[PDB]
>>> print(open('final-v6.txt').read())   # compact mmCIF, C-alpha atoms and all ligand atoms
# COMPACT_ATOMS: atom_id res chain seq x y z
CA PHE A 1 57.95 26.05 115.64
CA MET A 2 57.13 25.73 119.39
CA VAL A 3 59.74 27.15 121.87
CA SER A 4 60.49 25.30 125.15
CA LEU A 5 58.20 25.59 128.14
CA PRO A 6 59.75 27.13 131.26
CA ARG A 7 60.30 25.20 134.46
CA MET A 8 56.94 24.67 136.13
CA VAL A 9 55.97 23.01 139.40
CA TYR A 10 52.76 21.03 139.46
CA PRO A 11 51.50 17.62 140.70
CA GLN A 12 52.91 14.63 138.87
CA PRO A 13 50.35 12.94 136.59
CA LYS A 14 49.32 9.60 138.06
CA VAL A 15 49.60 6.90 135.43
CA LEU A 16 47.68 4.35 137.53
CA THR A 17 44.84 6.64 138.73
CA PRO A 18 41.99 7.33 136.34
CA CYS A 19 41.32 11.01 135.73
CA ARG A 20 37.56 10.60 136.35
CA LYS A 21 35.67 7.47 137.35
CA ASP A 22 32.32 8.85 136.35
CA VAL A 23 32.75 9.97 132.76
CA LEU A 24 34.42 9.20 129.43
CA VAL A 25 37.43 11.47 128.94
CA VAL A 26 38.61 10.35 125.45
CA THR A 27 36.62 9.44 122.34
CA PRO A 28 37.21 6.29 120.30
CA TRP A 29 39.26 8.34 117.78
CA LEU A 30 41.44 9.58 120.66
CA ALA A 31 40.12 13.15 120.96
CA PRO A 32 39.96 14.41 124.55
CA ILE A 33 36.57 14.99 126.09
CA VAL A 34 37.01 18.19 128.15
CA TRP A 35 35.73 17.88 131.71
CA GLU A 36 36.93 19.67 134.84
CA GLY A 37 39.94 17.65 136.33
CA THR A 38 41.24 16.53 132.89
CA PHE A 39 43.44 19.55 132.33
CA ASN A 40 46.13 21.65 134.00
CA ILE A 41 45.30 25.15 132.78
CA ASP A 42 48.73 26.47 133.74
CA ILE A 43 50.44 24.10 131.28
CA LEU A 44 47.93 24.86 128.57
CA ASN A 45 48.07 28.66 129.09
CA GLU A 46 51.86 28.49 128.69
CA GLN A 47 51.66 26.46 125.53
CA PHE A 48 49.14 28.84 123.97
CA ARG A 49 50.67 32.09 125.11
CA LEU A 50 54.02 30.99 123.72
CA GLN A 51 52.25 30.69 120.35
CA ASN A 52 50.71 34.14 120.77
CA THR A 53 47.29 32.77 120.25
CA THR A 54 44.42 34.97 119.16
CA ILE A 55 40.84 33.76 119.64
CA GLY A 56 37.85 35.05 117.75
CA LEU A 57 34.42 34.83 119.44
CA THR A 58 31.51 35.21 117.06
CA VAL A 59 27.91 35.90 117.96
CA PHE A 60 24.77 36.79 115.96
CA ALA A 61 22.50 39.20 117.72
CA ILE A 62 19.45 40.04 115.55
CA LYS A 63 16.23 41.82 116.50
CA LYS A 64 15.42 41.29 120.20
CA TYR A 65 18.61 39.26 120.78
CA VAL A 66 20.61 42.53 120.96
CA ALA A 67 19.33 42.83 124.53
CA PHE A 68 21.55 39.86 125.59
CA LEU A 69 24.78 41.47 124.42
CA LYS A 70 25.65 43.41 127.52
CA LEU A 71 25.57 40.41 129.95
CA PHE A 72 27.17 38.13 127.32
CA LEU A 73 30.13 40.48 126.74
CA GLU A 74 30.60 41.50 130.41
CA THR A 75 30.76 37.87 131.51
CA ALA A 76 33.02 36.94 128.55
CA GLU A 77 35.42 39.59 129.92
CA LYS A 78 35.51 37.82 133.28
CA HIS A 79 35.72 34.21 132.08
CA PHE A 80 36.56 33.75 128.38
CA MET A 81 40.23 33.32 127.41
CA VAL A 82 41.41 35.77 130.09
CA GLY A 83 45.09 36.58 129.42
CA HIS A 84 44.96 35.75 125.74
CA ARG A 85 44.22 37.96 122.70
CA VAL A 86 40.42 38.00 122.03
CA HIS A 87 38.55 39.49 119.04
CA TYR A 88 34.82 39.60 119.44
CA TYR A 89 32.75 39.70 116.29
CA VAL A 90 29.22 40.83 116.82
CA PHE A 91 26.96 40.38 113.77
CA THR A 92 23.82 42.41 114.20
CA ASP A 93 21.03 44.25 112.36
CA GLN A 94 21.25 47.02 115.00
CA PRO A 95 24.81 48.30 115.20
CA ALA A 96 23.81 51.35 117.23
CA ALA A 97 22.19 49.19 119.87
CA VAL A 98 25.40 47.28 120.67
CA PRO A 99 26.23 48.22 124.29
CA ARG A 100 29.46 50.00 125.18
CA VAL A 101 31.22 47.27 127.20
CA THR A 102 34.58 47.90 128.75
CA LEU A 103 37.22 45.40 127.62
CA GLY A 104 40.48 44.21 129.14
CA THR A 105 43.76 44.91 127.44
CA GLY A 106 44.47 42.86 124.30
CA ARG A 107 40.79 42.42 123.59
CA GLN A 108 38.78 43.98 120.85
CA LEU A 109 35.33 44.12 119.41
CA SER A 110 34.11 44.52 115.85
CA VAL A 111 30.45 45.19 115.00
CA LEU A 112 29.51 43.83 111.56
CA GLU A 113 26.13 44.91 110.24
CA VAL A 114 23.97 42.31 108.65
CA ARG A 115 20.94 42.76 106.39
CA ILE A 116 24.81 39.06 104.24
CA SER A 117 27.40 41.65 105.38
CA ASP A 118 30.38 43.80 104.27
CA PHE A 119 32.83 41.43 106.02
CA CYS A 120 35.20 39.17 104.19
CA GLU A 121 35.97 35.53 105.28
CA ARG A 122 39.68 36.05 104.59
CA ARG A 123 39.53 38.66 107.36
CA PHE A 124 39.23 35.81 109.91
CA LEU A 125 42.24 34.05 108.42
CA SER A 126 44.40 37.10 108.95
CA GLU A 127 43.04 38.25 112.36
CA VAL A 128 42.57 35.17 114.50
CA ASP A 129 43.99 31.66 114.99
CA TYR A 130 40.81 30.05 116.30
CA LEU A 131 37.13 30.82 115.95
CA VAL A 132 34.53 30.05 118.58
CA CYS A 133 30.92 30.42 117.50
CA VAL A 134 28.27 30.70 120.24
CA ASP A 135 24.72 31.70 120.99
CA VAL A 136 24.27 35.24 122.46
CA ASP A 137 21.39 34.52 124.88
CA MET A 138 23.90 33.00 127.27
CA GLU A 139 26.33 34.06 129.98
CA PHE A 140 29.67 32.92 131.22
CA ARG A 141 29.76 31.84 134.85
CA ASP A 142 33.14 30.09 135.09
CA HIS A 143 36.39 29.54 133.22
CA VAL A 144 36.26 28.92 129.45
CA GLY A 145 39.83 28.91 128.20
CA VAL A 146 42.44 27.48 125.92
CA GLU A 147 41.61 23.90 127.00
CA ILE A 148 38.94 24.07 124.26
CA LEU A 149 41.26 25.01 121.43
CA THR A 150 41.95 22.45 118.72
CA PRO A 151 41.38 22.19 114.97
CA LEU A 152 37.71 21.26 115.30
CA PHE A 153 35.50 20.94 118.37
CA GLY A 154 31.84 20.29 119.21
CA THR A 155 29.99 20.41 122.50
CA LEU A 156 27.70 17.81 124.01
CA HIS A 157 24.02 18.78 124.08
CA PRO A 158 23.19 19.07 127.74
CA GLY A 159 19.81 17.38 127.29
CA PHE A 160 21.24 14.30 125.64
CA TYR A 161 24.72 13.57 127.01
CA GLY A 162 23.44 10.45 128.82
CA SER A 163 21.15 9.33 126.02
CA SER A 164 21.44 6.39 123.65
CA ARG A 165 21.95 7.29 120.02
CA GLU A 166 18.47 6.06 119.09
CA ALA A 167 17.03 8.82 121.35
CA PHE A 168 19.11 11.59 119.73
CA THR A 169 16.97 14.01 117.69
CA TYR A 170 19.11 13.76 114.57
CA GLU A 171 17.42 14.18 111.18
CA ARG A 172 15.93 10.79 110.47
CA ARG A 173 14.48 11.24 106.94
CA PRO A 174 16.74 9.60 104.28
CA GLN A 175 15.78 12.38 101.82
CA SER A 176 17.73 14.96 103.88
CA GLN A 177 21.46 15.51 103.46
CA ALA A 178 21.46 15.63 107.32
CA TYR A 179 20.10 12.07 107.59
CA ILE A 180 21.63 9.84 110.28
CA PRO A 181 20.20 6.36 110.77
CA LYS A 182 19.50 4.81 114.15
CA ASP A 183 22.68 2.65 114.20
CA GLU A 184 25.01 5.64 113.57
CA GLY A 185 26.17 8.50 115.74
CA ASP A 186 28.80 9.19 118.41
CA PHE A 187 27.27 12.07 120.38
CA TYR A 188 24.57 14.68 120.01
CA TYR A 189 26.27 18.02 119.63
CA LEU A 190 24.51 21.36 120.13
CA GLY A 191 25.09 24.19 117.73
CA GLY A 192 25.26 26.76 120.47
CA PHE A 193 29.02 26.32 121.11
CA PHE A 194 31.44 24.99 118.47
CA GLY A 195 34.72 26.11 116.96
CA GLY A 196 38.17 25.26 115.77
CA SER A 197 40.87 26.70 113.55
CA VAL A 198 39.51 29.31 111.12
CA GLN A 199 40.13 26.89 108.24
CA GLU A 200 38.19 24.08 109.94
CA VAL A 201 35.28 26.29 110.99
CA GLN A 202 35.01 27.68 107.43
CA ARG A 203 35.06 24.13 106.03
CA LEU A 204 32.22 23.21 108.40
CA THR A 205 30.01 26.22 107.63
CA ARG A 206 30.64 25.84 103.84
CA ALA A 207 29.59 22.16 104.03
CA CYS A 208 26.56 22.94 106.13
CA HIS A 209 25.47 25.73 103.73
CA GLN A 210 25.73 23.42 100.71
CA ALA A 211 23.79 20.62 102.45
CA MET A 212 21.07 23.10 103.54
CA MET A 213 20.74 24.38 99.93
CA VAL A 214 20.48 20.82 98.58
CA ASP A 215 17.66 20.07 101.05
CA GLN A 216 15.91 23.35 100.09
CA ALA A 217 16.04 22.28 96.39
CA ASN A 218 14.57 18.91 97.35
CA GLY A 219 11.75 20.55 99.22
CA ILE A 220 12.94 19.57 102.66
CA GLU A 221 14.07 21.43 105.82
CA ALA A 222 15.82 19.35 108.55
CA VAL A 223 14.18 19.05 112.02
CA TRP A 224 16.53 21.27 114.14
CA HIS A 225 17.95 22.83 111.04
CA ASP A 226 21.48 24.12 111.75
CA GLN A 227 21.89 21.50 114.56
CA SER A 228 21.01 18.50 112.38
CA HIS A 229 23.49 19.53 109.70
CA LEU A 230 26.15 20.19 112.37
CA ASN A 231 25.57 16.70 113.74
CA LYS A 232 25.91 15.11 110.31
CA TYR A 233 29.13 17.00 109.63
CA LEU A 234 30.67 16.03 112.96
CA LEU A 235 29.68 12.42 112.45
CA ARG A 236 31.59 12.32 109.16
CA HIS A 237 34.48 14.65 110.22
CA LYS A 238 35.31 13.72 113.79
CA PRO A 239 36.09 16.64 116.13
CA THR A 240 39.59 16.75 117.56
CA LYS A 241 38.16 17.71 120.94
CA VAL A 242 34.69 17.27 122.39
CA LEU A 243 33.51 19.64 125.13
CA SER A 244 31.42 18.35 128.05
CA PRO A 245 28.13 20.04 128.86
CA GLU A 246 29.98 22.17 131.40
CA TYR A 247 30.43 24.38 128.31
CA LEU A 248 26.74 24.73 127.32
CA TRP A 249 24.27 24.26 130.16
CA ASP A 250 20.75 25.34 131.26
CA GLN A 251 20.51 25.28 135.02
CA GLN A 252 16.76 26.16 134.93
CA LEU A 253 15.92 23.14 132.77
CA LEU A 254 18.59 20.71 134.07
CA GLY A 255 19.75 21.77 137.51
CA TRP A 256 23.31 21.13 138.70
CA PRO A 257 24.06 17.37 138.63
CA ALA A 258 27.05 15.92 140.50
CA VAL A 259 28.78 15.02 137.23
CA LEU A 260 29.17 18.78 136.48
CA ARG A 261 31.88 20.17 138.70
CA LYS A 262 31.57 23.56 137.03
CA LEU A 263 28.86 25.33 135.05
CA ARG A 264 30.82 27.51 132.65
CA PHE A 265 28.49 28.89 129.96
CA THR A 266 24.73 28.87 130.57
CA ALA A 267 21.35 29.89 129.30
CA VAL A 268 19.98 33.18 130.53
CA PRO A 269 16.69 32.31 132.37
HG HG A 301 42.83 14.04 136.06
HG HG A 302 36.34 38.49 100.86
HG HG A 303 31.59 31.29 113.50
HG HG A 304 27.19 30.29 116.30
HG HG A 305 26.64 23.70 110.51
>>> encode(input="final-v6.txt", output="structure tokens")
Amino acid sequence: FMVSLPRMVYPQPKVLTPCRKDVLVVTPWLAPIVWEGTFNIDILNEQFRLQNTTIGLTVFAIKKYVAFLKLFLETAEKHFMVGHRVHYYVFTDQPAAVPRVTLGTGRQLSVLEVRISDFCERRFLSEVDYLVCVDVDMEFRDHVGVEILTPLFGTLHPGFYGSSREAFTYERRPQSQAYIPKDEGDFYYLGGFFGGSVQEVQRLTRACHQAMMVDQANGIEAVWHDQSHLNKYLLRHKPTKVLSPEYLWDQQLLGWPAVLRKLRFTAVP
């Protein structure tokens, strides 16, 4: 049950003006493709706050990757879901090396030690509405908010967003459960930023785990392991939103092209 929105004053949508003339803003299965200019964040923040939305943000920080936690969490505080309930889940082999980062009100952090862990998947179902799973060697530099939230989303690989599907580095060996032939494929998604409802994210990781085990039994490991399985899953189970490469960029490798109005979440040089 969704209560009414309040009165709000904002520019009338223009039915006869395209949102962007330079990029695709909807997929062929009618999922929005999230680029700067597509959304009014005021409208969306109202809709989500009225639902009392909680977002979980999950990161794995093993061995030397613990060093990236401080910048990652500090920048998340400035840019990620500000104003909404956030639960960070930091999975690490070095709990005592997690930095003490100061968090805004309504935000919390759990450190889960990993060897497998003493955390239970039903915990996510009871604690958060959405899960967002990202790489830790990254930093937020601009707004990442509720515009991304949907049952299942993937993010366009910043190296391949302009590429034809034949050029995508999908798994191409028919013996792999990740196999995609040259005449299939919508987009190349990068495993560094994906998410959805808890239920949908758990469905994805369960499917990926089973496919990976099947390949292991058959003596095969897919080319970009996790990524290739992610791409196969999202081919067969279409995401309800796709995020533009604004949401996963590397300015050192790729610069700042005109098509990117904002660089929101980026590789640490
Ligand atoms: Hg627009
Ligand atoms: Hg459990
Ligand atoms: Hg996750
Ligand atoms: Hg992840
Ligand atoms: Hg996966």
>>> closest_atom_pairs(input="final-v6.txt", of="chain A", to="ligand HG 302 (chain A)", cutoff="8 Å", atoms="all atoms listed in the file", output="tab-separated table")
residue	atom	partner	partner_atom	distance
A:119	CA	A:HG302	HG	6.9
A:120	CA	A:HG302	HG	3.6
A:121	CA	A:HG302	HG	5.3
A:122	CA	A:HG302	HG	5.6
A:123	CA	A:HG302	HG	7.2
>>> residues_near_point(input="final-v6.txt", point="(14.4, 14.9, 106.9)", cutoff="10 Å", atoms="all atoms listed in the file", output="tab-separated table (two decimals) with C-alpha atoms, keeping the file's coordinate frame")
chain	number	residue	atom	x	y	z
A	170	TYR	CA	19.11	13.76	114.57
A	171	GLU	CA	17.42	14.18	111.18
A	172	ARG	CA	15.93	10.79	110.47
A	173	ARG	CA	14.48	11.24	106.94
A	174	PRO	CA	16.74	9.60	104.28
A	175	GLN	CA	15.78	12.38	101.82
A	176	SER	CA	17.73	14.96	103.88
A	177	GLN	CA	21.46	15.51	103.46
A	178	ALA	CA	21.46	15.63	107.32
A	179	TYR	CA	20.10	12.07	107.59
A	180	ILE	CA	21.63	9.84	110.28
A	215	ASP	CA	17.66	20.07	101.05
A	219	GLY	CA	11.75	20.55	99.22
A	220	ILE	CA	12.94	19.57	102.66
A	221	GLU	CA	14.07	21.43	105.82
A	222	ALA	CA	15.82	19.35	108.55
A	223	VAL	CA	14.18	19.05	112.02
A	224	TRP	CA	16.53	21.27	114.14
A	225	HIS	CA	17.95	22.83	111.04
A	228	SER	CA	21.01	18.50	112.38
>>> residues_near_ligand(input="final-v6.txt", ligand="ligand HG 303 (chain A)", cutoff="8 Å", atoms="all atoms listed in the file", output="JSON, numbers by chain")
{"A": [57, 58, 59, 131, 132, 133, 134, 195, 201, 202, 205]}
>>> atom_distance(input="final-v6.txt", atom1="atom CA of residue A:169", atom2="atom CA of residue A:233")
14.9 Å
>>> atom_distance(input="final-v6.txt", atom1="atom CA of residue A:32", atom2="atom CA of residue A:150")
10.1 Å
>>> residues_around(input="final-v6.txt", residues="residue A:108", least_positions_apart="3", cutoff="10 Å", atoms="only C-alpha atoms", output="MDAnalysis selection string")
chainID A and resid 56 85:89 102:105
>>> closest_residue(input="final-v6.txt", among="A:227, A:94, A:45, A:244", to="residue A:161", atoms="only C-alpha atoms")
A:244
>>> closest_atom_pairs(input="final-v6.txt", of="chain A", to="ligand HG 301 (chain A)", cutoff="10 Å", atoms="all atoms listed in the file", output="Markdown table")
| residue | atom | partner | partner_atom | distance |
| --- | --- | --- | --- | --- |
| A:13 | CA | A:HG301 | HG | 7.6 |
| A:14 | CA | A:HG301 | HG | 8.1 |
| A:15 | CA | A:HG301 | HG | 9.9 |
| A:17 | CA | A:HG301 | HG | 8.1 |
| A:18 | CA | A:HG301 | HG | 6.8 |
| A:19 | CA | A:HG301 | HG | 3.4 |
| A:20 | CA | A:HG301 | HG | 6.3 |
| A:21 | CA | A:HG301 | HG | 9.8 |
| A:25 | CA | A:HG301 | HG | 9.3 |
| A:35 | CA | A:HG301 | HG | 9.2 |
| A:36 | CA | A:HG301 | HG | 8.2 |
| A:37 | CA | A:HG301 | HG | 4.6 |
| A:38 | CA | A:HG301 | HG | 4.3 |
| A:39 | CA | A:HG301 | HG | 6.7 |
| A:40 | CA | A:HG301 | HG | 8.5 |
>>> residues_near_ligand(input="final-v6.txt", ligand="ligand HG 305 (chain A)", cutoff="10 Å", atoms="only C-alpha atoms and all ligand atoms", output="VMD selection string")
chain A and resid 191 194 201 to 212 225 to 234
>>> closest_residue(input="final-v6.txt", among="A:126, A:155, A:47, A:53", to="ligand HG 304 (chain A)", atoms="all atoms listed in the file")
A:155
>>> atom_distance(input="final-v6.txt", atom1="atom CA of residue A:92", atom2="atom CA of residue A:74")
17.6 Å
>>> closest_residue(input="final-v6.txt", among="A:60, A:91, A:130, A:65", to="ligand HG 304 (chain A)", atoms="all atoms listed in the file")
A:60
>>> closest_residue(input="final-v6.txt", among="A:253, A:96, A:192, A:198", to="ligand HG 304 (chain A)", atoms="all atoms listed in the file")
A:192
>>> closest_residue(input="final-v6.txt", among="A:236, A:188, A:49, A:135", to="ligand HG 304 (chain A)", atoms="only C-alpha atoms and all ligand atoms")
A:135
>>> closest_residue(input="final-v6.txt", among="A:80, A:265, A:193, A:247", to="ligand HG 304 (chain A)", atoms="all atoms listed in the file")
A:193
>>> axis_aligned_box(input="final-v6.txt", around="stretch 26-33 of chain A", padding_each_side="3 Å", output="JSON")
{"center_x": 39.0, "center_y": 10.6, "center_z": 121.9, "size_x": 10.9, "size_y": 14.7, "size_z": 14.3}
>>> residues_near_point(input="final-v6.txt", point="(40.1, 36.8, 128.0)", cutoff="9 Å", atoms="only C-alpha atoms", output="CSV table (one decimal) with C-alpha atoms, in the coordinates of the input")
chain,number,residue,atom,x,y,z
A,55,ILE,CA,40.8,33.8,119.6
A,76,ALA,CA,33.0,36.9,128.6
A,77,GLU,CA,35.4,39.6,129.9
A,78,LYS,CA,35.5,37.8,133.3
A,79,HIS,CA,35.7,34.2,132.1
A,80,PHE,CA,36.6,33.8,128.4
A,81,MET,CA,40.2,33.3,127.4
A,82,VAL,CA,41.4,35.8,130.1
A,83,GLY,CA,45.1,36.6,129.4
A,84,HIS,CA,45.0,35.8,125.7
A,85,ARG,CA,44.2,38.0,122.7
A,86,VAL,CA,40.4,38.0,122.0
A,104,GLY,CA,40.5,44.2,129.1
A,105,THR,CA,43.8,44.9,127.4
A,106,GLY,CA,44.5,42.9,124.3
A,107,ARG,CA,40.8,42.4,123.6
A,144,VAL,CA,36.3,28.9,129.4
A,145,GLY,CA,39.8,28.9,128.2
>>> residues_around(input="final-v6.txt", residues="residue A:70", least_positions_apart="5", cutoff="10 Å", atoms="all atoms listed in the file", output="PyMOL selection string")
chain A and resi 75-76+98-101+136+139
>>> build_atoms(input="final-v6.txt", residues="stretch 240-254 of chain A", atoms="N, CA, C and O atoms", output="compact mmCIF listing (two decimals), keeping the file's coordinate frame")
# COMPACT_ATOMS: atom_id res chain seq x y z
N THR A 240 38.36 17.01 116.90
CA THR A 240 39.59 16.75 117.56
C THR A 240 39.59 17.02 119.07
O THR A 240 40.53 16.60 119.78
N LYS A 241 38.55 17.72 119.52
CA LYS A 241 38.16 17.71 120.94
C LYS A 241 36.63 17.72 121.03
O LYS A 241 35.94 18.25 120.12
N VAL A 242 36.09 17.11 122.04
CA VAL A 242 34.69 17.27 122.39
C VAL A 242 34.60 17.98 123.74
O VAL A 242 35.20 17.54 124.71
N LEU A 243 33.72 18.97 123.85
CA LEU A 243 33.51 19.64 125.13
C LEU A 243 32.32 19.02 125.86
O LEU A 243 31.30 18.72 125.27
N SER A 244 32.50 18.84 127.15
CA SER A 244 31.42 18.35 128.05
C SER A 244 30.37 19.43 128.14
O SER A 244 30.56 20.60 127.78
N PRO A 245 29.19 19.04 128.65
CA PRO A 245 28.13 20.04 128.86
C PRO A 245 28.39 21.11 129.91
O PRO A 245 27.56 22.01 130.07
N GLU A 246 29.52 21.05 130.62
CA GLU A 246 29.98 22.17 131.40
C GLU A 246 29.96 23.44 130.56
O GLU A 246 29.76 24.56 131.12
N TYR A 247 30.22 23.27 129.24
CA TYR A 247 30.43 24.38 128.31
C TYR A 247 29.15 24.87 127.64
O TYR A 247 29.17 25.85 126.89
N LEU A 248 28.00 24.24 127.91
CA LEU A 248 26.74 24.73 127.32
C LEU A 248 25.64 24.10 128.15
O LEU A 248 25.23 22.98 127.85
N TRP A 249 25.20 24.83 129.19
CA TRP A 249 24.27 24.26 130.16
C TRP A 249 23.04 25.14 130.33
O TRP A 249 23.02 26.30 129.90
N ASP A 250 21.96 24.55 130.87
CA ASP A 250 20.75 25.34 131.26
C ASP A 250 20.36 24.84 132.64
O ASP A 250 19.80 23.72 132.79
N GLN A 251 20.68 25.65 133.64
CA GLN A 251 20.51 25.28 135.02
C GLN A 251 19.00 25.26 135.33
O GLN A 251 18.53 24.45 136.13
N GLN A 252 18.25 26.14 134.67
CA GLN A 252 16.76 26.16 134.93
C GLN A 252 16.13 24.87 134.48
O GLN A 252 15.34 24.28 135.25
N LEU A 253 16.46 24.39 133.28
CA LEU A 253 15.92 23.14 132.77
C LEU A 253 16.55 21.86 133.35
O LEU A 253 15.89 20.80 133.37
N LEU A 254 17.82 21.93 133.77
CA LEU A 254 18.59 20.71 134.07
C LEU A 254 19.28 20.65 135.43
O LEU A 254 19.84 19.63 135.83
